[PDB]
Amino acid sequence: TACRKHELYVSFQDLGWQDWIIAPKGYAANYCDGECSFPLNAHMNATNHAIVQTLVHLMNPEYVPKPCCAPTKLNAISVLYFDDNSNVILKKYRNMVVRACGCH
């Protein structure tokens, strides 16, 4: 139940890109989920702010929430698509895949 990367597959049909695209038909976009709480490492899975916010939340849970599980590393995906002039284009889409999660 800790802050971690979960598997998620996105087909290009879900984006309505299916008719445009040749390869791939989808990709593993993945997602960050989990409770953000101690232990926390400021050189691994948390920021200094996230450590301080966890402390404030423990003292006053009413008004300040816990930090949240978000990406630390994102990868690009390369897509091969057709255009109207029947050109074959290779486009790199940055910040598209989740590699590692952390508390922010």
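One-based numbering along the sequence shown.
Mean CA B-factor, 75-83 versus 47-55: the higher value falls on 75-83. Two stretches are in play, 32-40 and 58-66, and the higher mean C-alpha B-factor belongs to 58-66. Compared with the other modelled residues of the chain, the Cα B-factor recorded for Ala2 ranks in the highest third. Per-chain ranking of the deposited C-alpha B factor places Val10 in the lowest third. Among the modelled residues of the chain, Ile21 sits in the highest third by CA temperature factor in this PDB entry.
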